[PDB]
>>> print(open('my_file07.cif').read())   # mmCIF, C-alpha atoms and all ligand atoms
data_query
loop_
_atom_site.label_atom_id
_atom_site.label_comp_id
_atom_site.auth_asym_id
_atom_site.auth_seq_id
_atom_site.Cartn_x
_atom_site.Cartn_y
_atom_site.Cartn_z
CA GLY A 1 118.68 89.44 73.36
CA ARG A 2 121.31 86.79 72.69
CA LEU A 3 124.83 88.13 72.34
CA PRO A 4 126.32 87.95 68.83
CA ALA A 5 129.37 85.78 68.29
CA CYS A 6 132.73 87.10 67.05
CA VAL A 7 134.07 86.97 63.49
CA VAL A 8 137.81 87.06 62.82
CA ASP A 9 139.75 86.36 59.61
CA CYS A 10 143.39 86.00 60.59
CA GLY A 11 146.08 85.75 57.95
CA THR A 12 149.47 86.92 56.78
CA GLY A 13 148.28 90.32 55.56
CA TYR A 14 145.84 92.89 56.88
CA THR A 15 143.83 91.00 59.48
CA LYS A 16 140.10 91.61 59.16
CA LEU A 17 138.15 92.21 62.35
CA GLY A 18 134.62 92.90 63.49
CA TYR A 19 131.42 91.34 64.81
CA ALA A 20 128.79 89.11 63.25
CA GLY A 21 125.44 90.33 61.95
CA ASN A 22 127.03 93.44 60.46
CA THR A 23 127.57 94.70 56.91
CA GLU A 24 131.06 96.20 57.27
CA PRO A 25 134.27 94.90 58.90
CA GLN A 26 134.80 97.68 61.41
CA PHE A 27 138.52 97.10 62.07
CA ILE A 28 141.04 96.25 59.34
CA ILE A 29 144.60 96.40 60.70
CA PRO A 30 147.94 94.86 59.67
CA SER A 31 149.56 91.95 61.51
CA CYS A 32 152.44 94.16 62.69
CA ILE A 33 153.22 93.57 66.37
CA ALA A 34 155.71 95.44 68.56
CA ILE A 35 158.00 93.95 71.21
CA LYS A 36 160.63 95.19 73.65
CA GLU A 37 163.38 93.16 72.24
CA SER A 38 166.72 94.81 71.53
CA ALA A 39 170.22 93.33 71.16
CA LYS A 40 170.88 90.61 73.60
CA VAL A 41 173.07 87.91 72.29
CA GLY A 42 171.71 85.10 74.22
CA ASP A 43 168.75 84.78 71.99
CA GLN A 44 168.41 81.13 71.58
CA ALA A 45 168.05 80.04 75.22
CA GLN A 46 166.03 82.94 76.48
CA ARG A 47 164.34 84.34 73.58
CA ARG A 48 162.84 87.30 75.45
CA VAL A 49 162.09 86.51 79.13
CA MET A 50 161.10 90.12 79.76
CA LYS A 51 161.52 90.94 83.44
CA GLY A 52 158.53 92.20 85.38
CA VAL A 53 155.68 93.67 83.35
CA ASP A 54 157.83 94.57 80.33
CA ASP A 55 156.49 91.44 78.61
CA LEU A 56 153.21 93.19 77.76
CA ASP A 57 154.97 96.52 77.02
CA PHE A 58 154.18 96.32 73.31
CA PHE A 59 151.70 98.02 71.00
CA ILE A 60 149.79 96.62 68.02
CA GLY A 61 148.15 97.66 64.77
CA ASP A 62 148.69 100.77 62.69
CA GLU A 63 150.01 102.49 65.81
CA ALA A 64 152.81 99.89 65.95
CA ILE A 65 154.44 101.07 62.71
CA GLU A 66 155.32 104.50 64.12
CA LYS A 67 157.30 103.20 67.10
CA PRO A 68 160.85 103.54 66.13
CA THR A 69 162.51 101.90 69.14
CA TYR A 70 161.06 98.39 69.13
CA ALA A 71 160.95 95.73 66.43
CA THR A 72 158.11 95.35 63.84
CA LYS A 73 158.02 91.60 63.46
CA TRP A 74 155.28 89.93 61.43
CA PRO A 75 154.35 86.58 63.05
CA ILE A 76 152.71 85.01 59.99
CA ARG A 77 154.44 83.97 56.77
CA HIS A 78 152.10 82.67 54.04
CA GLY A 79 149.96 80.70 56.47
CA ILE A 80 152.66 78.77 58.30
CA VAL A 81 153.84 80.42 61.53
CA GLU A 82 157.23 79.87 63.17
CA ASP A 83 156.55 81.28 66.65
CA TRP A 84 152.93 81.52 67.82
CA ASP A 85 153.55 83.39 71.09
CA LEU A 86 153.33 86.65 69.14
CA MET A 87 150.07 85.36 67.67
CA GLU A 88 148.66 84.75 71.15
CA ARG A 89 149.76 88.22 72.26
CA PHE A 90 148.10 89.77 69.22
CA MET A 91 144.92 87.77 69.84
CA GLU A 92 144.64 88.87 73.47
CA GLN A 93 145.42 92.47 72.55
CA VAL A 94 142.74 92.55 69.85
CA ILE A 95 140.03 90.74 71.82
CA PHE A 96 140.49 93.02 74.82
CA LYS A 97 141.39 96.46 73.44
CA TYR A 98 139.61 96.45 70.06
CA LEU A 99 136.81 93.88 70.22
CA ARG A 100 136.29 94.08 74.00
CA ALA A 101 134.66 90.64 74.01
CA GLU A 102 134.71 88.22 76.92
CA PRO A 103 135.79 84.81 75.54
CA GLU A 104 133.88 82.84 78.17
CA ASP A 105 130.55 84.17 76.83
CA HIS A 106 131.24 84.41 73.10
CA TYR A 107 131.83 82.15 70.09
CA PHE A 108 134.89 82.61 67.88
CA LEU A 109 135.24 81.50 64.26
CA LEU A 110 138.74 81.45 62.76
CA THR A 111 140.01 81.06 59.20
CA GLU A 112 143.24 79.43 58.05
CA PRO A 113 144.73 78.61 54.65
CA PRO A 114 143.79 75.18 53.29
CA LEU A 115 147.44 74.08 53.43
CA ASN A 116 147.69 74.72 57.18
CA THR A 117 149.03 71.57 58.80
CA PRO A 118 146.85 69.74 61.35
CA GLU A 119 149.35 70.39 64.15
CA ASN A 120 148.99 74.18 64.00
CA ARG A 121 145.19 74.03 64.09
CA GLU A 122 145.22 71.49 66.93
CA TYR A 123 147.60 73.54 69.06
CA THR A 124 145.89 76.88 68.43
CA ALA A 125 142.57 75.30 69.39
CA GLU A 126 144.20 73.91 72.53
CA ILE A 127 145.60 77.35 73.36
CA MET A 128 142.18 78.93 72.90
CA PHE A 129 140.32 76.38 75.01
CA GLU A 130 142.97 76.58 77.75
CA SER A 131 143.52 80.34 78.05
CA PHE A 132 140.44 82.05 76.61
CA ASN A 133 138.02 79.28 77.70
CA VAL A 134 135.83 80.01 74.68
CA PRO A 135 132.62 77.92 74.92
CA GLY A 136 132.63 77.17 71.19
CA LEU A 137 135.03 77.22 68.27
CA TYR A 138 134.89 76.53 64.55
CA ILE A 139 137.48 76.71 61.77
CA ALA A 140 136.74 76.42 58.05
CA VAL A 141 138.33 77.28 54.72
CA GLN A 142 137.67 80.77 53.37
CA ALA A 143 136.45 79.65 49.93
CA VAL A 144 132.87 78.99 51.04
CA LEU A 145 132.71 82.36 52.79
CA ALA A 146 133.71 83.99 49.50
CA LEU A 147 131.08 81.98 47.62
CA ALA A 148 128.39 83.07 50.07
CA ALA A 149 129.50 86.70 49.79
CA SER A 150 129.41 86.42 45.98
CA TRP A 151 125.61 86.08 46.05
CA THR A 152 125.33 89.84 46.59
CA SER A 153 126.67 90.46 43.07
CA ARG A 154 123.26 89.86 41.48
CA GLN A 155 120.07 87.85 42.08
CA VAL A 156 120.58 86.96 45.73
CA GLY A 157 117.20 85.21 45.78
CA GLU A 158 118.35 82.92 42.95
CA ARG A 159 120.25 80.23 44.84
CA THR A 160 123.55 79.41 43.09
CA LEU A 161 125.84 77.11 45.07
CA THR A 162 128.05 75.89 42.23
CA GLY A 163 131.14 77.79 41.16
CA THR A 164 134.81 78.16 41.95
CA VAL A 165 136.89 80.74 43.81
CA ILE A 166 140.52 81.78 43.29
CA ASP A 167 141.25 83.89 46.36
CA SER A 168 144.23 86.18 46.85
CA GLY A 169 146.40 86.70 49.92
CA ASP A 170 149.51 88.40 51.26
CA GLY A 171 151.47 85.19 50.73
CA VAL A 172 149.06 82.66 49.22
CA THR A 173 146.36 82.53 46.56
CA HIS A 174 144.44 79.27 46.30
CA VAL A 175 141.97 77.62 43.93
CA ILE A 176 138.92 75.82 45.31
CA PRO A 177 135.81 74.68 43.39
CA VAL A 178 132.33 74.23 44.84
CA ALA A 179 129.84 71.68 43.47
CA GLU A 180 126.42 72.42 45.00
CA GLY A 181 127.77 72.96 48.50
CA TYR A 182 130.18 70.01 48.38
CA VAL A 183 133.74 70.87 47.34
CA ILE A 184 136.27 68.47 45.81
CA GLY A 185 139.12 67.56 48.14
CA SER A 186 141.75 66.30 45.72
CA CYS A 187 141.08 69.06 43.16
CA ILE A 188 142.83 71.76 45.21
CA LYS A 189 146.22 73.30 44.45
CA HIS A 190 148.33 75.72 46.49
CA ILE A 191 150.08 78.62 44.74
CA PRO A 192 153.11 80.04 46.62
CA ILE A 193 153.39 83.30 44.67
CA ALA A 194 151.05 86.00 45.96
CA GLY A 195 150.65 89.77 46.37
CA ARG A 196 153.80 90.20 48.48
CA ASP A 197 156.62 88.82 46.33
CA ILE A 198 155.22 90.98 43.52
CA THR A 199 156.07 94.06 45.59
CA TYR A 200 159.48 92.54 46.34
CA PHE A 201 160.16 92.36 42.60
CA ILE A 202 158.82 95.90 42.12
CA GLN A 203 161.16 97.33 44.75
CA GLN A 204 164.10 95.24 43.52
CA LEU A 205 163.73 96.61 40.00
CA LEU A 206 163.11 100.14 41.28
CA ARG A 207 166.23 100.20 43.46
CA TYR B 1 208.00 107.68 61.51
CA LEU B 2 210.32 104.99 60.16
CA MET B 3 210.47 106.82 56.83
CA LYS B 4 211.21 110.09 58.63
CA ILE B 5 214.08 108.56 60.60
CA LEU B 6 215.43 106.68 57.58
CA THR B 7 215.65 110.15 56.05
CA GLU B 8 217.78 111.31 59.00
CA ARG B 9 220.12 108.36 58.43
CA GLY B 10 220.61 109.25 54.74
CA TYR B 11 218.06 107.11 52.89
CA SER B 12 215.06 108.82 51.28
CA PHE B 13 211.67 107.23 50.58
CA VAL B 14 208.57 109.19 49.55
CA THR B 15 206.28 107.41 47.10
CA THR B 16 203.97 104.51 47.93
CA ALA B 17 206.23 101.83 46.41
CA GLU B 18 208.98 102.77 48.85
CA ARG B 19 206.24 102.86 51.49
CA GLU B 20 205.67 99.15 50.83
CA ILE B 21 209.43 98.60 50.83
CA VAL B 22 209.79 100.25 54.25
CA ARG B 23 206.79 98.27 55.49
CA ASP B 24 208.56 95.05 54.53
CA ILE B 25 211.80 96.29 56.10
CA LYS B 26 209.99 96.97 59.38
CA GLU B 27 208.25 93.59 59.18
CA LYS B 28 211.63 91.87 58.81
CA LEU B 29 214.18 93.89 60.84
CA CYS B 30 212.39 95.54 63.77
CA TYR B 31 212.19 94.63 67.45
CA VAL B 32 211.38 96.23 70.80
CA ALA B 33 213.91 97.23 73.46
CA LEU B 34 213.56 96.28 77.12
CA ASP B 35 215.45 99.43 78.16
CA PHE B 36 215.62 102.45 75.85
CA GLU B 37 218.61 104.18 77.47
CA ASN B 38 220.70 101.00 77.70
CA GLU B 39 219.98 100.20 74.05
CA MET B 40 220.96 103.74 73.04
CA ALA B 41 224.22 103.43 74.98
CA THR B 42 225.00 100.08 73.35
CA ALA B 43 224.24 101.75 70.01
CA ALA B 44 226.89 104.33 70.88
CA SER B 45 229.14 101.25 70.68
CA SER B 46 227.76 100.41 67.24
CA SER B 47 229.68 97.26 66.35
CA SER B 48 227.20 94.41 66.98
CA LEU B 49 223.69 95.82 66.35
CA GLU B 50 223.75 97.17 62.79
CA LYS B 51 222.11 94.96 60.16
CA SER B 52 221.99 95.09 56.36
CA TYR B 53 219.02 94.70 54.02
CA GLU B 54 219.03 94.08 50.27
CA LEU B 55 216.85 96.40 48.19
CA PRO B 56 215.27 95.25 44.91
CA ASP B 57 217.78 97.31 42.92
CA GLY B 58 220.64 95.63 44.82
CA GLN B 59 221.54 98.58 47.04
CA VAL B 60 222.35 97.65 50.64
CA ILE B 61 220.97 99.70 53.54
CA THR B 62 222.46 99.51 57.04
CA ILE B 63 219.97 99.98 59.88
CA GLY B 64 221.08 100.57 63.47
CA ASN B 65 219.11 102.36 66.18
CA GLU B 66 216.05 102.58 63.90
CA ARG B 67 215.31 98.90 64.60
CA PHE B 68 214.32 99.59 68.23
CA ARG B 69 213.38 103.28 67.84
CA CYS B 70 210.16 103.13 65.83
CA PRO B 71 208.46 100.47 68.02
CA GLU B 72 209.11 102.64 71.08
CA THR B 73 206.66 105.16 69.59
CA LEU B 74 203.89 102.86 70.85
CA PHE B 75 205.03 103.40 74.44
CA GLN B 76 206.06 107.03 73.78
CA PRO B 77 203.45 108.67 71.51
CA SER B 78 205.12 112.04 72.17
CA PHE B 79 207.64 111.16 69.44
CA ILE B 80 205.02 111.79 66.75
CA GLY B 81 203.60 114.73 68.70
CA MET B 82 200.36 113.09 69.85
CA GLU B 83 199.18 114.26 73.28
CA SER B 84 198.14 110.81 74.46
CA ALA B 85 199.55 107.86 76.43
CA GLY B 86 201.09 104.52 75.56
CA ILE B 87 199.38 101.16 75.27
CA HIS B 88 200.48 100.21 78.79
CA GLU B 89 199.01 103.40 80.27
CA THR B 90 195.75 103.02 78.34
CA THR B 91 195.34 99.39 79.42
CA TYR B 92 196.08 100.35 83.04
CA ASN B 93 193.47 103.12 82.89
CA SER B 94 190.90 100.80 81.29
CA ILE B 95 191.43 98.09 83.91
CA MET B 96 191.32 100.63 86.75
CA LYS B 97 187.98 101.98 85.50
CA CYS B 98 186.56 98.47 85.98
CA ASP B 99 185.21 97.07 89.24
CA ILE B 100 187.72 96.11 91.92
CA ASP B 101 186.91 92.39 92.04
CA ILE B 102 187.26 91.82 88.28
CA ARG B 103 190.64 93.59 88.29
CA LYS B 104 192.31 90.40 89.54
CA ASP B 105 190.81 88.33 86.73
CA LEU B 106 191.70 90.96 84.12
CA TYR B 107 195.29 91.03 85.37
CA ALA B 108 195.48 87.23 85.30
CA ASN B 109 194.35 87.15 81.65
CA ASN B 110 195.65 89.55 78.97
CA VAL B 111 194.95 88.49 75.38
CA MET B 112 196.63 90.42 72.57
CA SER B 113 196.03 90.22 68.84
CA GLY B 114 196.80 92.07 65.63
CA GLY B 115 199.69 92.42 63.21
CA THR B 116 201.40 95.24 65.14
CA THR B 117 202.21 93.07 68.19
CA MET B 118 204.52 90.48 66.59
CA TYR B 119 207.71 92.34 67.53
CA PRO B 120 209.87 90.01 69.65
CA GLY B 121 210.15 91.11 73.27
CA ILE B 122 206.94 93.16 73.21
CA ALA B 123 205.24 90.80 75.66
CA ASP B 124 208.16 91.01 78.11
CA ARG B 125 208.23 94.81 77.97
CA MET B 126 204.47 95.03 78.48
CA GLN B 127 204.67 92.63 81.43
CA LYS B 128 207.49 94.62 83.03
CA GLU B 129 205.70 97.94 82.56
CA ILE B 130 202.38 96.64 83.91
CA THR B 131 204.03 95.03 86.94
CA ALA B 132 205.94 98.25 87.65
CA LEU B 133 202.73 100.29 87.42
CA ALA B 134 200.53 97.72 89.17
CA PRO B 135 201.04 96.85 92.85
CA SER B 136 203.87 94.37 93.44
CA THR B 137 201.82 91.87 95.43
CA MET B 138 200.16 89.69 92.75
CA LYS B 139 201.16 87.91 89.53
CA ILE B 140 200.72 89.36 86.03
CA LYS B 141 200.80 86.97 83.07
CA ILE B 142 201.04 87.81 79.37
CA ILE B 143 199.72 85.29 76.83
CA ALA B 144 201.21 85.60 73.32
CA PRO B 145 199.88 82.90 70.99
CA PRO B 146 202.06 82.43 67.89
CA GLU B 147 199.04 82.74 65.54
CA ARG B 148 197.59 86.07 66.67
CA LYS B 149 197.62 87.39 63.09
CA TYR B 150 194.53 85.38 62.09
CA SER B 151 192.93 85.14 65.55
CA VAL B 152 190.03 87.37 64.47
CA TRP B 153 189.25 85.18 61.45
CA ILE B 154 189.44 81.99 63.52
CA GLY B 155 187.08 83.48 66.08
CA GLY B 156 184.65 84.54 63.38
CA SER B 157 184.69 81.06 61.86
CA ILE B 158 184.10 79.43 65.26
CA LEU B 159 181.25 81.84 66.03
CA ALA B 160 179.64 81.12 62.67
CA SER B 161 179.98 77.38 63.28
CA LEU B 162 178.05 77.76 66.55
CA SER B 163 174.57 76.25 66.35
CA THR B 164 172.98 78.97 68.49
CA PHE B 165 174.22 81.69 66.11
CA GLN B 166 172.32 80.22 63.13
CA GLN B 167 169.29 82.33 64.15
CA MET B 168 171.01 85.61 65.11
CA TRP B 169 171.70 86.46 61.46
CA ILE B 170 169.97 89.36 59.70
CA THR B 171 167.94 88.38 56.64
CA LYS B 172 166.55 90.08 53.75
CA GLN B 173 163.11 90.11 54.77
CA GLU B 174 164.52 92.48 57.30
CA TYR B 175 165.92 94.79 54.87
CA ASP B 176 163.09 94.67 52.57
CA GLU B 177 161.37 96.68 55.26
CA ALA B 178 163.52 99.68 56.39
CA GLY B 179 166.70 101.67 55.80
CA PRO B 180 169.48 99.76 57.39
CA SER B 181 168.91 101.32 60.76
CA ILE B 182 168.50 97.86 61.68
CA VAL B 183 172.14 97.06 61.78
CA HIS B 184 172.52 98.67 65.09
CA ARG B 185 169.36 97.65 66.84
CA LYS B 186 170.47 94.07 66.97
CA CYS B 187 173.24 92.65 65.12
CA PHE B 188 175.79 94.24 67.40
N1 LIG C 1 143.66 97.71 45.50
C1 LIG C 1 144.83 96.84 45.50
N2 LIG C 1 145.69 96.86 44.50
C2 LIG C 1 146.78 96.04 44.51
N3 LIG C 1 147.00 95.20 45.55
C3 LIG C 1 146.14 95.18 46.54
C4 LIG C 1 145.05 95.99 46.54
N4 LIG C 1 144.35 95.70 47.77
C5 LIG C 1 145.12 94.74 48.35
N5 LIG C 1 146.05 94.56 47.58
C6 LIG C 1 147.05 93.62 47.89
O1 LIG C 1 146.39 92.34 48.37
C7 LIG C 1 147.09 92.02 49.66
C8 LIG C 1 146.08 91.76 50.72
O2 LIG C 1 145.20 90.77 50.31
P1 LIG C 1 144.58 89.94 51.59
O3 LIG C 1 144.03 88.67 51.13
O4 LIG C 1 143.37 90.83 52.29
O5 LIG C 1 145.75 89.65 52.71
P2 LIG C 1 145.36 88.32 53.59
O6 LIG C 1 145.85 87.12 52.91
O7 LIG C 1 146.06 88.42 55.08
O8 LIG C 1 143.72 88.23 53.76
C9 LIG C 1 147.94 93.17 50.05
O9 LIG C 1 149.31 92.71 50.26
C10 LIG C 1 147.92 94.14 48.97
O10 LIG C 1 149.27 94.32 48.46
MG MG C 2 144.20 86.15 52.62
#
>>> encode(input="my_file07.cif", output="structure tokens")
Amino acid sequence: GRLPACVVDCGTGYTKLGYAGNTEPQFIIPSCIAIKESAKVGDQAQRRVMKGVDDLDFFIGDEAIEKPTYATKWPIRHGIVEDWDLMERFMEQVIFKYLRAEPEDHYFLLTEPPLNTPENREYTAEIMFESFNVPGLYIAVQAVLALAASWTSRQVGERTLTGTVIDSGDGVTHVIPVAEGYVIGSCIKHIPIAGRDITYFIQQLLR
Amino acid sequence: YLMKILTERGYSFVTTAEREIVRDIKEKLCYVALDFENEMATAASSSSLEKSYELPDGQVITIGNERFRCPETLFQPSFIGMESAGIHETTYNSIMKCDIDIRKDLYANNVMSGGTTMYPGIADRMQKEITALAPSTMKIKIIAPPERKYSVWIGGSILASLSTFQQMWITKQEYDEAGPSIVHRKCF
């Protein structure tokens, strides 16, 4: 009766959520996060410093859109993140409220864009090991996960490791080939245009 | 009001071009009076106060009491019929509504700006009125920089040059997301 680990696919757009050993991602919510910020002017020497318990007085998810007194502030921007405190707040909120998983007795796998710099991964892993005290961690590119999921298209029993994946994203779509399990490192290119700027152009023309 | 009084003198101005002409006339030949009654009495002896201005057509207009009459409307809004108080009274009320301790600091520092406060002697009249209204036990100082016309622009430039303000701006990602109700929340 070993406990299942936890599966999370963070990103700029709708963040997928759910548990392992299951055939449907139970929770699919945006990255929108609320905060009790307002209009101070001293905002570059005390970003927030919320007095008392007001620091955690913020919602998350689809319920966070319909709160018209705070600020909807997306933490992610095509992989790279400016301030990761909002990311930590979102992670704690999800793990506790939605997943309800104790980090000390669970394994977390995280996904990041291939262009993510080493510093961000190092510091997020440090944050996890320090605060959540997760026994185990693992981060890998999302291309191989897509290749594994592609087997369901037809003839799952027929092993087919070779191929290539061009994945989409809210702010990034990448190209990654697979050669019998081993990918090519130098044959990877990052595309900045994605499914968000398209909507920007749509609205700009429509206005 | 200056147009209305210039009518009482004998000179008529209605259209907008003469509005600009009267604006220039006020900008060039207007000043405030320390004492209204004394100035009126000296005007009764009108032999040293009248001044002449040259119109574009060449006509010459002589202006007497109107030089120190229109500015007094600021201290006497009843002239135009407005049921309000003068700038001195409003500033006194505003300072009184503040906390007692900060009243001393507010009295010690009184910055003024704008294009309507360049009339010579305005600072002296304001100081006299405030000291008369305020208790006569402290010191009231009026600061009148000679470049108050562009003070707002200079302050805006300095604020923009500030390093800390480089992040307080409002970007377009912001607006891509919601009707500009965002101007208020923030950016204020
Ligand atoms: N059926 C669809 N038609 C058009 N665009 C879609 C559709 N489904 C998703 N999208 C777009 O793809 C984006 C989400 O792709 P996704 O990769 O899941 O975001 P992320 O990079 O965080 O994983 C959305 O911004 C959305 O605009
Ligand atoms: Mg993605």
>>> atom_distance(input="my_file07.cif", atom1="CA of residue 150 in chain B", atom2="CA of residue 53 in chain B")
27.4 Å
>>> closest_residue(input="my_file07.cif", among="A:207, A:89, A:189, A:174", to="ligand MG 2 (chain C)", atoms="only C-alpha atoms and all ligand atoms")
A:174
>>> atom_distance(input="my_file07.cif", atom1="CA of residue 63 in chain A", atom2="CA of residue 30 in chain A")
10.0 Å
>>> closest_atom_pairs(input="my_file07.cif", of="chain A", to="ligand LIG 1 (chain C)", cutoff="12 Å", atoms="only C-alpha atoms and all ligand atoms", output="tab-separated table")
residue	atom	partner	partner_atom	distance
A:8	CA	C:LIG1	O8	10.9
A:9	CA	C:LIG1	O8	7.3
A:10	CA	C:LIG1	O7	6.6
A:11	CA	C:LIG1	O7	3.9
A:12	CA	C:LIG1	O7	4.1
A:13	CA	C:LIG1	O7	3.0
A:14	CA	C:LIG1	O7	4.8
A:15	CA	C:LIG1	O7	5.6
A:16	CA	C:LIG1	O8	7.3
A:17	CA	C:LIG1	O8	11.0
A:25	CA	C:LIG1	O4	12.0
A:28	CA	C:LIG1	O4	9.2
A:29	CA	C:LIG1	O7	9.9
A:30	CA	C:LIG1	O7	8.1
A:31	CA	C:LIG1	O7	8.1
A:32	CA	C:LIG1	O7	11.5
A:74	CA	C:LIG1	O7	11.3
A:75	CA	C:LIG1	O7	11.6
A:76	CA	C:LIG1	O7	8.9
A:77	CA	C:LIG1	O7	9.6
A:78	CA	C:LIG1	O6	7.8
A:79	CA	C:LIG1	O6	8.4
A:111	CA	C:LIG1	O8	9.7
A:112	CA	C:LIG1	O6	9.6
A:113	CA	C:LIG1	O6	8.8
A:142	CA	C:LIG1	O8	9.6
A:143	CA	C:LIG1	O3	11.8
A:146	CA	C:LIG1	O3	11.4
A:166	CA	C:LIG1	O3	11.0
A:167	CA	C:LIG1	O3	7.3
A:168	CA	C:LIG1	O3	5.0
A:169	CA	C:LIG1	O6	3.1
A:170	CA	C:LIG1	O6	4.2
A:171	CA	C:LIG1	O6	6.3
A:172	CA	C:LIG1	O6	6.6
A:173	CA	C:LIG1	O6	7.9
A:174	CA	C:LIG1	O6	10.4
A:192	CA	C:LIG1	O6	11.9
A:193	CA	C:LIG1	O9	11.7
A:194	CA	C:LIG1	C7	8.1
A:195	CA	C:LIG1	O9	5.1
A:196	CA	C:LIG1	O9	5.4
A:197	CA	C:LIG1	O9	9.2
A:198	CA	C:LIG1	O10	8.4
A:199	CA	C:LIG1	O10	7.4
A:200	CA	C:LIG1	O10	10.6
A:202	CA	C:LIG1	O10	11.6
>>> closest_atom_pairs(input="my_file07.cif", of="chain A", to="chain B", cutoff="6 Å", atoms="all atoms listed in the file", output="Markdown table")
| residue | atom | partner | partner_atom | distance |
| --- | --- | --- | --- | --- |
| A:38 | CA | B:186 | CA | 6.0 |
| A:39 | CA | B:186 | CA | 4.3 |
| A:44 | CA | B:164 | CA | 5.9 |
>>> closest_residue(input="my_file07.cif", among="B:34, B:133, B:95, B:66", to="residue 121 in chain B", atoms="all atoms listed in the file")
B:34
>>> residues_around(input="my_file07.cif", residues="residue 138 in chain A", least_positions_apart="5", cutoff="9 Å", atoms="all atoms listed in the file", output="PyMOL selection string")
chain A and resi 107-111
>>> atom_distance(input="my_file07.cif", atom1="CA of residue 78 in chain B", atom2="CA of residue 90 in chain B")
14.4 Å
>>> residues_around(input="my_file07.cif", residues="residue 121 in chain A", least_positions_apart="4", cutoff="9 Å", atoms="all atoms listed in the file", output="NGL selection string")
:A and (112 or 116-117 or 125-126 or 139)
>>> residues_around(input="my_file07.cif", residues="range 8-21 of chain B", least_positions_apart="4", cutoff="10 Å", atoms="only C-alpha atoms", output="compact mmCIF listing (two decimals) with C-alpha atoms, keeping the file's coordinate frame")
# COMPACT_ATOMS: atom_id res chain seq x y z
CA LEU B 2 210.32 104.99 60.16
CA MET B 3 210.47 106.82 56.83
CA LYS B 4 211.21 110.09 58.63
CA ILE B 25 211.80 96.29 56.10
CA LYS B 26 209.99 96.97 59.38
CA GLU B 27 208.25 93.59 59.18
CA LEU B 55 216.85 96.40 48.19
CA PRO B 56 215.27 95.25 44.91
CA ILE B 61 220.97 99.70 53.54
CA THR B 62 222.46 99.51 57.04
CA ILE B 63 219.97 99.98 59.88
CA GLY B 64 221.08 100.57 63.47
CA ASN B 65 219.11 102.36 66.18
CA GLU B 66 216.05 102.58 63.90
>>> residues_around(input="my_file07.cif", residues="residue 122 in chain B", least_positions_apart="6", cutoff="12 Å", atoms="all atoms listed in the file", output="MDAnalysis selection string")
chainID B and resid 30:35 68 71:72 74:75 87:88 112 116 128:129 142:144
>>> closest_residue(input="my_file07.cif", among="A:184, A:141, A:41, A:20", to="ligand MG 2 (chain C)", atoms="all atoms listed in the file")
A:141
>>> residues_around(input="my_file07.cif", residues="residue 92 in chain A", least_positions_apart="2", cutoff="12 Å", atoms="only C-alpha atoms", output="list in words")
residues 56, 59, 60, 85, 86, 87, 88, 89, 90, 94, 95, 96, 97, 98, 99, 100, 101, 102, 103, 127, 128, 131 and 132 of chain A
